[PDB]
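Undergrad: Here you go, one structure.
6 protein chains.
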Amino acid sequence: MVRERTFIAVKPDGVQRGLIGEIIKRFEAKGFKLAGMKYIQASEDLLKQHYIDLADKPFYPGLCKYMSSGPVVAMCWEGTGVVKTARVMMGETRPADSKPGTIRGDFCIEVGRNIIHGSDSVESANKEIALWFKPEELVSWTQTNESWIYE
Amino acid sequence: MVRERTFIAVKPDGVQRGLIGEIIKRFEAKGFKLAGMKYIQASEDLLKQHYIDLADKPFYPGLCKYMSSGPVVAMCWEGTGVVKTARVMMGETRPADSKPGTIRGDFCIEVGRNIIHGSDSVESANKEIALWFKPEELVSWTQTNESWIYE
Amino acid sequence: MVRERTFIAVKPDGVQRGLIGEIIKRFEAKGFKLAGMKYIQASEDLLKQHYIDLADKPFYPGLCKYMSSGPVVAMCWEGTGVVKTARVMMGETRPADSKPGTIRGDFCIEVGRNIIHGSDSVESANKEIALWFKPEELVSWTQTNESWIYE
Amino acid sequence: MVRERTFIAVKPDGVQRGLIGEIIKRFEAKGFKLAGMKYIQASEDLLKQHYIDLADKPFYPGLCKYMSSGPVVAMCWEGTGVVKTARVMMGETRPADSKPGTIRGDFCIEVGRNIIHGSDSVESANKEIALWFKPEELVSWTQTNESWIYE
Amino acid sequence: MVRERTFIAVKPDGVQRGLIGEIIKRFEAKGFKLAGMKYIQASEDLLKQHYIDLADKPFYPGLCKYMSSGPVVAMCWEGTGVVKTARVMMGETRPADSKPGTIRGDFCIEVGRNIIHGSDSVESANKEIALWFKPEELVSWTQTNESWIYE
Amino acid sequence: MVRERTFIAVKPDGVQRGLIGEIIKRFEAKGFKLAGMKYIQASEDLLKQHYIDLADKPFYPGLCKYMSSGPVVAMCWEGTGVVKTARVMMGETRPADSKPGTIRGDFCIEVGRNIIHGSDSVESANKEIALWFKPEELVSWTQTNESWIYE
Ligand SMILES: Nc1ccn([C@H]2C[C@H](O)[C@@H](COP(=O)(O)OP(=O)(O)O)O2)c(=O)n1
Ligand SMILES: Nc1ccn([C@H]2C[C@H](O)[C@@H](COP(=O)(O)OP(=O)(O)O)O2)c(=O)n1
Ligand SMILES: Nc1ccn([C@H]2C[C@H](O)[C@@H](COP(=O)(O)OP(=O)(O)O)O2)c(=O)n1
Ligand SMILES: Nc1ccn([C@H]2C[C@H](O)[C@@H](COP(=O)(O)OP(=O)(O)O)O2)c(=O)n1
Ligand SMILES: Nc1ccn([C@H]2C[C@H](O)[C@@H](COP(=O)(O)OP(=O)(O)O)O2)c(=O)n1
Ligand SMILES: Nc1ccn([C@H]2C[C@H](O)[C@@H](COP(=O)(O)OP(=O)(O)O)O2)c(=O)n1
Ligand SMILES: [Mg+2]
Ligand SMILES: [Mg+2]
Ligand SMILES: [Mg+2]
Ligand SMILES: [Mg+2]
Ligand SMILES: [Mg+2]
Ligand SMILES: [Mg+2]
Numbered sequence: 352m353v354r355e356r357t358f359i360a361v362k363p364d365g366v367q368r369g370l371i372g373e374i375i376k377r378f379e380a381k382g383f384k385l386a387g388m389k390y391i392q393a394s395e396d397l398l399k400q401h402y403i404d405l406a407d408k409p410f411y412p413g414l415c416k417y418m419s420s421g422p423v424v425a426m427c428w429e430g431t432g433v434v435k436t437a438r439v440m441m442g443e444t445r446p447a448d449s450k451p452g453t454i455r456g457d458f459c460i461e462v463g464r465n466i467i468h469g470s471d472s473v474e475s476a477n478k479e480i481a482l483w484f485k486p487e488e489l490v491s492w493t494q495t496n497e498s499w500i501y502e
Numbered sequence: 352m353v354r355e356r357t358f359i360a361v362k363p364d365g366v367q368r369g370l371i372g373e374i375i376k377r378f379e380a381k382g383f384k385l386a387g388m389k390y391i392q393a394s395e396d397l398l399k400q401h402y403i404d405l406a407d408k409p410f411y412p413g414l415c416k417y418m419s420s421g422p423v424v425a426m427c428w429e430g431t432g433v434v435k436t437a438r439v440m441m442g443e444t445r446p447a448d449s450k451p452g453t454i455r456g457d458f459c460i461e462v463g464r465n466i467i468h469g470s471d472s473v474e475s476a477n478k479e480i481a482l483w484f485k486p487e488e489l490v491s492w493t494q495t496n497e498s499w500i501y502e
Numbered sequence: 352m353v354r355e356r357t358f359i360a361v362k363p364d365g366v367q368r369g370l371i372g373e374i375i376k377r378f379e380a381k382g383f384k385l386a387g388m389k390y391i392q393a394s395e396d397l398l399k400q401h402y403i404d405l406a407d408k409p410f411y412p413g414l415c416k417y418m419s420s421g422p423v424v425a426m427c428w429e430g431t432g433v434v435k436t437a438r439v440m441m442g443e444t445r446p447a448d449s450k451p452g453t454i455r456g457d458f459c460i461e462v463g464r465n466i467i468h469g470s471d472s473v474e475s476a477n478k479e480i481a482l483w484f485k486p487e488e489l490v491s492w493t494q495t496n497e498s499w500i501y502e
Numbered sequence: 352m353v354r355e356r357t358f359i360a361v362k363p364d365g366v367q368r369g370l371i372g373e374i375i376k377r378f379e380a381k382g383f384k385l386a387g388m389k390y391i392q393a394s395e396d397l398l399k400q401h402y403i404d405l406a407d408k409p410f411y412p413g414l415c416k417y418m419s420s421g422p423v424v425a426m427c428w429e430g431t432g433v434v435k436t437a438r439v440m441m442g443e444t445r446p447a448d449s450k451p452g453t454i455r456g457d458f459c460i461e462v463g464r465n466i467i468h469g470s471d472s473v474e475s476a477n478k479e480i481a482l483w484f485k486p487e488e489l490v491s492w493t494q495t496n497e498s499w500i501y502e
Numbered sequence: 352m353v354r355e356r357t358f359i360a361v362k363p364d365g366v367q368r369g370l371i372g373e374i375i376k377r378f379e380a381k382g383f384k385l386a387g388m389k390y391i392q393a394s395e396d397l398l399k400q401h402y403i404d405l406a407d408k409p410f411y412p413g414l415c416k417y418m419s420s421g422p423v424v425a426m427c428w429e430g431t432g433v434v435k436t437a438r439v440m441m442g443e444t445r446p447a448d449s450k451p452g453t454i455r456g457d458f459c460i461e462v463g464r465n466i467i468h469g470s471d472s473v474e475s476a477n478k479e480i481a482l483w484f485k486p487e488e489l490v491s492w493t494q495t496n497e498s499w500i501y502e
Numbered sequence: 352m353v354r355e356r357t358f359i360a361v362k363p364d365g366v367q368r369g370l371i372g373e374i375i376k377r378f379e380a381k382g383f384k385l386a387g388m389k390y391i392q393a394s395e396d397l398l399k400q401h402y403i404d405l406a407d408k409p410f411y412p413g414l415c416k417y418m419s420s421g422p423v424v425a426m427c428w429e430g431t432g433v434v435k436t437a438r439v440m441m442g443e444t445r446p447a448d449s450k451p452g453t454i455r456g457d458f459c460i461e462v463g464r465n466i467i468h469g470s471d472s473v474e475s476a477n478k479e480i481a482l483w484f485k486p487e488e489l490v491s492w493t494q495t496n497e498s499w500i501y502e
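Protein chains in written order, with our numbering: chain A, 352 to 502; chain B, 352 to 502; chain C, 352 to 502; chain D, 352 to 502; chain E, 352 to 502; chain F, 352 to 502.
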C-alpha cells in the first residue's frame, strides 16, 4: 500500500525556462504517484538546511542563495525504488555526465544550472520531505491504474 | 508588474489520468506565469463554496463530492487576459463542444469528467483564488523571457 | 457495458507516412476504448462495398482501387458518441477545410490523400464494422480508468 | 525484398495504460516496417506455448494467465536487425534496469508490469511470429521512404 | 511539379524563445516542402521594404526596427494552397483571436510578439521570397513521399 | 561572449523524412545557441572537401555523391562544450550502436543513412564551418535565457 517516497524540486532555472510541466509529465508517465506539491520561494535558511550535508563545499554559500532567489516547485513522489529511479531519470549531477533521454541530458549544460533536485537516499528523502512539507500537506490516495503498474 | 490572475485547478480525473504535466506544459508554452500552486484533497465544503453560484442545480451535491473525492492541483496563473484565454484553452463546459487543440477537446468525453477547471471571469477568479490560496502563497517574481512575450 | 462504436481506418497514405501511432495516440488520449483492430490489404470488392454510397461519383473507381492498393489499419473505437466525435477529431473531408488540432488539419493537404477514414453515422458505423470485422474479432474488456472518463 | 522480422506485443498493462500509439509511434519513427498486426485476447494455451522456455519458472503460471486475461496488440515489425534493435528500444527485462529513452525505462516500474514483449532472437521471432499470425496475415508491401532508411 | 510557394519567417521572439524547431516541425508534418532557408539579422531597410504596404500604420517604424533587431529564420515553403494554409496554421494576426492548435494560439499573447510571419497572398509571397532569397538560394527538388501527399 | 562552435548538418535522408524541426528542437531544448543556418544542395566537390580525411576509404565516392544528391540543412551551433555534446546527442556513427534518446538512436537503422552529421572535434569544427559558411553568415547575438543556462 504505502511505497517509497522521495523529494523532487524544480530549481529556479527550470521554472524560468518553462520546464515544470515537462518534468511532472515525465514522472507521471513513468508511473509514480504524486503525494505532495507546492510552489514557493524558500528562505536562504531553509536551503542552508536542505543542503546541510554540503555545508563544507566551496559552492555551498552561493548554491543556497541561488536556490532561494526564486520560486521552486517542491514535490513528493511515491513508488517503488523512487529515490534511486528519480536520480536515473534526472541523469548525473553534471549535465555533461548525463545521457540523452534524461532530464539533465536533454535540457542542460552546466552543473550550476541543472534545473532539478532529487534526494540521494531514502534517508535523505525522509529529511527533505519533512523539511519542505507539513504532514497535513501530504496526500495519501490510491491511483486507479495502480494494479497495472504494480502486480 | 502585476497582471491579471485566474484560478486553474486540475480535477481529480485529470490527476488520476496523468495529465498534470500536460496541462501545466500548455500554460507554460502559451506564455503565462505560474503565480501559485498547491496539491490537495479539499473538503466537500470547500468545493461547495467554490461552486456556490451552482447550489440550486441538480448536479451540485454530486459535483462537490466528486470534486473533493481525490487530490487536485490548485493553481493561479498570471498574464494579460489570462482569465478568458485559459477558458479558450480548456474549451467548452462540455468536452463534446470542445475543439481539437483544446485541453478538454483533446483529453475527455463527458461533461462530468472534464479534467480541468478555470475561472469564467475576473470577479470569479478573485473569489476563487482567495478561497484556495492564502495571500502569502501567491509568488511575486519576474520571468526572464517576459520581454519576448510582452512588447 | 458496451457503448457506441465507430469504424476508423488509417488510409494507405497514413500507413506510408508513419502516422499510425500518432493517430492511435490521439484516440487513447481522448478516452476512447480500442475494441477492434487488424492490419490488411483489403480486396477491391470490400472497398466497393465500403464506399457503396459514393458509387455514383467520378472519383469512386480510383478511390476503391487506391484504398485497396496497400495495407490499412482497420479499427473499431468505443465510447459515448464516438462516431461524431471521431469526425471532429479528424476534421473535414477536405484537409484544406480542416482546422489545426485535427488529424487531417495537422498532417495532410489534398482530399484524395486525407490519411484517415471514419464512419459518418451510427448506422454507417454498424455496417462498416460488420464489413471489416468478424464478430469474434471485436474484443470485450473493461479499461480500468473508465470511471474517470465516464460518470 | 523481405528483411528480418520480429514479434512485438503490447502487453495488457500497455493497452490498459494507453500506450499503444506511443509504442507504435516509436517503431515507425525508427524506420521499421509494420508487416503484421492484430488485436486479441489470446488463449491461455497460446501463451503457455509463447513462454514455453520459462515453463520451469515459479512466475510462469501467473504470467501465462495474466498475459491472457486481457487484449493485447500483436505485431510483426520488419527491418534489418529488427530483433536485437527492438530489445534495445524496449530496455531490459526489468524496468528498474532500463534506461530513460527506452519504452520500459520511460513508462513503467515493475518486472511483472513491463508493458511490452519482444523476441530475443531471430529463431524466437520465427517461432513466435508463426504462433500468433497465420501466414496470410503478414502483409507484403513497400514503404516509399525505404531508400532513405536503407542504402 | 512546381507548386505554390510562400514566405515564412520565425520572428526574433520565436528565435529567442526556442521555437524554431517546433515551427519547422509543424510545416514538415503538414506535408509542405522546404524550398529555402537562411538565418540572418536583416537591415532596417530590408524590413522597411518587407512591410512596405504597411508604411502607413503607426506601428510601422517600431515594427521594422524590432524585426531587424535580431536574427530571424527566413524560409520558403512549397505546396498546394500553402500561402493561405500557412496563415491558418499560424492563427490570426492577434494571438487573442487565434485558436488553440495554431502557432500563435498555442504560443503567444500579444500582437507585437506573435513569433511568426507569413505572406497574406500569392502575389505578396512572390515579392517577399524574392526580397529575402537570391534565385540560386532556392532549392528545387522532389520529396520522396510526394505521391502519398498529392495524388 | 563567444563560445565554442560546431558544425551540424541534417543529411539528405533527414530532410526527406521530415526530421529538420525535430533535430533543431533538440538543440534548442538542450540550451545551445543557433549561430548559423542555411539550406542547400551542395556540390559533390564540396562534400569531397568536407569528408577529405576519408578520401582513402572505399565508401567515400558514394558518400560524397549521396551527401550531395538532395538538399541539406547546414548549421552552426554555439555553447560550452557543444562539439562533444552534439556528438553525444547524435549517438554513434552506427545507429545500431546508438542508444534510445539519441537522434540516430531514435530515428534510423543503417550507417549509410544516419540522418545527421556533427563535427568530431574543435579543429574539425573550425574547418567545416569555414567550408559551409561565409564569415558574415555567422550571427552574433545574445540569448535572453543564457543566464539560466550558464551561471
Ligand atoms: N561544482 C558544483 C557542484 C554542485 N553544484 C550544485 C548543483 C548540485 O545539484 C547541488 C548539490 O550537489 P550534489 O552533490 O548534492 O549533487 P546532486 O544534485 O544530488 O546530484 O549543488 C554547483 O552549483 N557547483
Ligand atoms: N450538466 C452539467 C453541467 C456542469 N457539470 C459540472 C461540470 C462542470 O465543469 C462544473 C462547473 O459548471 P460550470 O457551469 O461552472 O462550467 P465550467 O466548469 O466553468 O466550464 O459543473 C455537470 O456535472 N453536469
Ligand atoms: N471530391 C472528392 C470527395 C471524396 N474523395 C475521397 C476522399 C474521401 O475521404 C473518400 C470518402 O468521401 P466522403 O464523402 O465519405 O467523406 P469522408 O471520408 O467520410 O470524410 O472519398 C475524393 O477523393 N474526392
Ligand atoms: N523474475 C521474473 C522474470 C520475468 N517475468 C515476466 C516478465 C517478462 O517480460 C516475461 C518474460 O521474461 P523474459 O526472460 O523472456 O524476458 P523478456 O520479456 O524477453 O525481456 O516474464 C516476471 O514476471 N518475473
Ligand atoms: N497593432 C499592431 C498590429 C500589427 N503589428 C505587427 C504584428 C504583425 O504581425 C505585423 C504585420 O501586421 P499585418 O497586418 O501584416 O498582419 P499579419 O502579420 O500578416 O497577420 O505587424 C504590431 O506590432 N502592432
Ligand atoms: N562503414 C561506413 C562508415 C561511414 N559511412 C558514412 C556514414 C558516416 O556518417 C560518414 C562519416 O564517417 P565518420 O567516420 O566521419 O563518422 P561520423 O559521421 O562523424 O559519425 O561516412 C558509411 O557510409 N559506411
Ligand atoms: Mg543532493
Ligand atoms: Mg462557473
Ligand atoms: Mg462518408
Ligand atoms: Mg525471452
Ligand atoms: Mg503581413
Ligand atoms: Mg569524421
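C-beta: ideal position from N, C-alpha, C; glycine also.
What are the residues that DSSP puts in a beta bridge with E/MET426?
TA: On the fifth sequence, residue 426 of chain E is found 75 positions in, with the first residue counted as 1. Answer by DSSP bridge pairing, in chain order: E/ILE359 and E/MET388.
Undergrad: Within the segment 363-413 of chain B, note down every full beta strand (DSSP E) run reaching 3 residues or more, in order along the chain.
TA: Whole beta strand (DSSP E) segments, 3+ residues: 384-391.
Undergrad: Using the Cα positions of E/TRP492 and D/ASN496, report the straight-line distance between them to the nearest angstrom.
TA: Position 141 of the fifth sequence holds residue 492 of chain E. Position 145 of the fourth sequence holds residue 496 of chain D. Using only the alpha carbons, I get a separation of about 15 Å.
Undergrad: Pick from D/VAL433, D/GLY456 and D/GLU474: whose alpha carbon is nearest that of D/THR444?
TA: In the fourth sequence, the residue the question calls residue 444 of chain D occupies position 93. Per the Cα distances, D/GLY456.
Undergrad: Take D/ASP364 and list the residues in its own chain whose beta-carbon comes closer than 6 Å to its own, dropping the five residues that flank it on each side.
TA: Mapped onto the fourth sequence, residue 364 of chain D falls at position 13. So the qualifying residues of the chain are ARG464 and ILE466.
Undergrad: Which bits of chain E does B/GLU502 rub up against, with CB to CB less than 7 Å?
TA: Your numbering for residue 502 of chain B matches position 151 in the second sequence. Ordered by position in chain E, the residues that pass the 7 Å Cβ test against B/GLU502 are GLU461, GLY463 and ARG464.
Undergrad: If I measure Cβ to Cβ from C/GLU395 and keep anything under 7 Å in the same chain, skipping five residues before and after, which residues do I get?
TA: Here residue 395 of chain C refers to the residue found at position 44 when the third sequence is read from its first residue. The answer, listed in chain order, is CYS415, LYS416 and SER419.
Undergrad: Can you tell me which residues form a DSSP beta bridge with E/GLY469?
TA: Walking along the fifth sequence from the start, residue 469 of chain E turns up at place 118. Answer by DSSP bridge pairing, in chain order: E/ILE359.
Undergrad: Against chain C, does D/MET418 count as a neighbour if the rule is that its beta carbon must be under 8 Å from one of theirs?
TA: Residue mapping note: residue 418 of chain D aligns to position 67 of the fourth sequence, counting from 1. It does not; no Cβ of chain C falls within 8 Å.
Undergrad: Does the distance from the C-beta atom of C/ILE359 to that of D/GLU379 stay below 8 Å?
TA: Residue mapping note: residue 359 of chain C aligns to position 8 of the third sequence, counting from 1. Residue mapping note: residue 379 of chain D aligns to position 28 of the fourth sequence, counting from 1. For the pair C/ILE359 and D/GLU379, the CB atoms are not nearer than the 8 Å cut-off.
Undergrad: Within 10 Å of its beta-carbon, does A/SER449 have 16 or more other beta-carbons around it, so buried, or fewer, so exposed?
TA: As a position in the first sequence, residue 449 of chain A is number 98, starting the count at 1. Classification of A/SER449: buried, given that the 10 Å Cβ count is 16 or more.
Undergrad: How long is the line joining the alpha carbons of D/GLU461 and A/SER498, rounded to whole angstroms?
TA: Here the question's residue 461 of chain D lines up with position 110 in the fourth sequence. Here the question's residue 498 of chain A lines up with position 147 in the first sequence. Using only the alpha carbons, I get a separation of about 11 Å.
Undergrad: What are the residues of the segment 462-496 of chain B that lie near chain A, defined by any Cβ-Cβ distance shorter than 7 Å?
TA: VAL490, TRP492, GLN494 and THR495
Undergrad: Would E/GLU429 be called buried (16 or more neighbouring beta carbons within 10 Å of its own) or exposed?
TA: Counted from its first residue, the fifth sequence places residue 429 of chain E at position 78. It counts as buried.
Undergrad: Below 8 Å, how does it come out for the segment 422-440 of chain E and the segment 379-390 of chain E: are there three or more Cβ pairs, yes or no?
TA: Yes: at least three Cβ pairs fall under 8 Å.
Undergrad: Contact check, F/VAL490 vs E/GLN392 under 8 Å by CB: the rounded distance?
TA: Sequence index remark: in the sixth sequence, residue 490 of chain F carries index 139 (1-based). Sequence index remark: in the fifth sequence, residue 392 of chain E carries index 41 (1-based). The pair is a contact, with the Cβ atoms about 6 Å apart (cut-off 8 Å).
Undergrad: Indicate whether at least one CB of chain B lies closer than 8 Å to the CB of A/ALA393.
TA: Within the first sequence, residue 393 of chain A is the residue found at index 42, counting from 1. No, because no Cβ of chain B sits closer than 8 Å to the Cβ of A/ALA393.
Undergrad: To the nearest angstrom, report how far apart E/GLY387 and E/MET426 are at their CA atoms.
TA: The sequence position of residue 387 of chain E within the fifth sequence is 36, counting from 1. The sequence position of residue 426 of chain E within the fifth sequence is 75, counting from 1. Roughly 5 Å between the two C-alpha positions.
Undergrad: Hey, is D/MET388's beta-carbon within less than 8 Å of any beta-carbon in chain F?
TA: Position 37 of the fourth sequence, counted from the start, is the residue given in the question as residue 388 of chain D. Cβ-Cβ to chain F under 8 Å: no for D/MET388.
Undergrad: Here's the rule I'm using: 16 or more other beta-carbon atoms within 10 Å means buried, otherwise exposed. How should C/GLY369 be labelled?
TA: Translated into positions along the third sequence, residue 369 of chain C becomes position 18. It counts as buried.
Undergrad: Note down the Cα distance separating C/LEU482 from C/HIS401, rounded to an integer number of angstroms.
TA: The count along the third sequence starts at 1 and reaches residue 482 of chain C at position 131. The count along the third sequence starts at 1 and reaches residue 401 of chain C at position 50. Whole-angstrom Cα-Cα distance: 7 Å.
Undergrad: Classify E/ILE500: buried if its beta carbon has 16 or more other beta carbons within 10 angstroms, exposed otherwise.
TA: Here residue 500 of chain E refers to the residue found at position 149 when the fifth sequence is read from its first residue. Its Cβ being crowded by 16 or more others within 10 Å, E/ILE500 is buried.
Undergrad: Taking only the alpha-carbon atoms, compute the straight-line gap between A/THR431 and B/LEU397 and give it to the nearest angstrom.
TA: Within the first sequence, the letter at position 80 stands for residue 431 of chain A. Within the second sequence, the letter at position 46 stands for residue 397 of chain B. Between A/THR431 and B/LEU397, the C-alpha separation is close to 33 Å.
Undergrad: Mind pulling the chain A residues with CB within less than 9 Å of D/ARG368?
TA: Translated into the one-based positions of the fourth sequence, residue 368 of chain D becomes position 17. The answer, in chain order, is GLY382, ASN496, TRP499 and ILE500.
Undergrad: What is the DSSP secondary structure of residue 508 of chain F, reduced to helix, strand or coil?
TA: There is no way to answer for residue 508 of chain F, as the model of chain F reaches only from 352 to 502.
Undergrad: Can you tell me whether B/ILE454 is buried or exposed? The criterion is at least 16 other CB atoms within 10 Å of its CB, across all chains shown.
TA: Stepping through the second sequence from its first residue, residue 454 of chain B is reached at position 103. Burial call: buried.
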